[PDB]
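Before any questions on binding or motion, here is one chain by itself as C-alpha cells, the form deposited in one PDB entry.
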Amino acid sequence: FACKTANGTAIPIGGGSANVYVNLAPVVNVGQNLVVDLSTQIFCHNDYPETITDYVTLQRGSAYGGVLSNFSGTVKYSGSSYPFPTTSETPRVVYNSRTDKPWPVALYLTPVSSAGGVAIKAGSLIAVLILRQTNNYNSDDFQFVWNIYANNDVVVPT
C-alpha cells in the first residue's frame, strides 16, 4: 500500500517523501490554462489489495516558485475543483484498482498578470502535496510527501 513517482521513487509504507518531476508547457501566456498533470508523474499501488482497502486523500497542497506568484488557478483531485494551494484536504477517493494507477491530481496554475518570461524553472520546487495512505485494516495511516518539481522550465510569452 504504497506509491511511486514517474522518475522511480517508490515510497514504502511508513511515510516518506518523493520528488516528482512534471513537465509543463514551456509556452504559457496570460490567459492560458496551464495544468500540472500529476496523473502522469505520480502512481500509487496497493500491494495488499485484499488486506488493505485502497484509499487515498491529498492531505494538503502547497505552491511555491512562480506557481504561487506568477500563476493562479485551482487544484484538482479525482475530478475535484478546489483553490490552490488548498486550505484543507480533498474528497474521499477509493482506488478501484489493484495495480499501479496514476494519482489523479492536477495543479491548474495559469499566468495572472504578473507573469512574463521564465515563470517556472526546471529542477526547482514548484509545489508540495502530501498524500494520505489510510486503510480499514491496519489503520497505518502514513502520509507521503510529494514534492512537485518542474521537469522543464516554462516561459510566459504573454
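Start at 1 and count along the sequence shown; that's the residue number.
This protein has a second form, the form solved in complex with a small molecule, left out of what is shown; the following refers to that one.
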Open item on the list: Under a 4.5 angstroms heavy atom criterion, identify the one residue in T57, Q41, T110, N46 near the small molecule in the deposited bound form.
Closed with: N46
- [ ] Could you spot which one of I130, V28, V35, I52 gets a heavy atom to within 4.5 Å of the small molecule in the deposited bound form?
- [x] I52
TODO: Tell me, yes or no, whether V145 is in contact with the small molecule in the deposited bound form, where a contact means a heavy atom of each within 4.5 Å.
DONE: no
Open item on the list: Since only the chain is shown here, I'm wondering whether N135 would be in contact with the small molecule in the deposited bound form (any heavy atom pair within 4.5 Å).
Closed with: yes
Task: Exercise: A10 in contact with the small molecule in the deposited bound form, heavy atom 4.5 Å - done: no
